[PDB]
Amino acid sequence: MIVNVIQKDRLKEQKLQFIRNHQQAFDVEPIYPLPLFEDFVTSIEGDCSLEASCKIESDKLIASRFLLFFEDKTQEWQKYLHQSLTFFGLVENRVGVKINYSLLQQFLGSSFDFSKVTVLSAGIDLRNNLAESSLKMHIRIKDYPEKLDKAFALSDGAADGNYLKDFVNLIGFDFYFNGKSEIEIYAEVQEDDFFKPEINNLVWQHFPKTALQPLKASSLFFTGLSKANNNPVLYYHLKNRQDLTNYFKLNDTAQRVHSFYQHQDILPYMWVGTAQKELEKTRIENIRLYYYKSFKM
């Protein structure tokens, strides 16, 4: 048992370290209210992963973006949901804002089967403009067509984007501090399906050739269906973060993030998100970079 208390304290400090390393590299001052997220991730004593992310818009660097993934093998998804919602409610209380939950509420509405959840995340994207700050939640469902339909109904709605409805498993919620809220649905293609002829016909055919090149180094591909019908954001799960510069033409701000993380003590994979048209450019100006670390007993 003494092994357990020592390892719990150590995990608590390693999560805070991962968060501070990211914040201190990109923001001289922490963005308020980061310490509420720090308290939340330290209260999650089961196994988890953390995500630290940068959104780059030309030379603007948005870096107070963090996410916890619940990975306790007991899979008490409903308990994790409740722990995330009470953290959101603490943000509301301390900041003095009211979050608009209606989209999450309607998605969960008609008696939710939590056994169909395979991923749950909770986190933040904090800005000095409070109204532009947001809380975040992702839910991945499996073999749950009733809730797939409900998420589609909740976003912009039917076609198009409906052309990729059968590829959807991940649902994203954003909760802005001004009371605006959004839902997003993500179509995915797994590595083992990359070369199948039906996949080229149903998916790749609708994307420029440049969109296909980073699949060579990716184990997974996502795209958001409802935001930006024009110019959809494309997400690539790079097997090795070192391949980023080989497949994506980085500007100066993104290169600074990449250089910082090349030799950090983190997981080897990353996610890269970029709008479809950025890949047709000679140089990406808008890109989102996501890095990860795991925290296990």
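Numbering starts at 1 and follows the sequence shown.
Two stretches are in play, 227-235 and 243-251, and the higher mean C-alpha B-factor belongs to 227-235. Comparing 67-75 with 201-209, the higher mean C-alpha B-factor in the PDB entry belongs to 201-209.
Considering 169, 86, 162, 118 together, the PDB entry gives 162 the largest C-alpha B factor. Listed residues 25, 279, 19, 289 were ranked by CA B-factor as deposited; 279 comes out on top. When the modelled residues of the chain are ordered by C-alpha B-factor, residue 189 sits in the middle third. In this PDB entry, the Cα temperature factor of residue 178 sits in the bottom third of its chain's modelled residues, the lowest group. Ranked by C-alpha B-factor against the other modelled residues of its chain, residue 42 falls in the middle third. Among the modelled residues of its chain, residue 106 has a C-alpha B-factor that falls in the middle third, as given in the PDB entry. In this PDB entry, the Cα temperature factor of residue 195 sits in the top third of its chain's modelled residues, the highest group.
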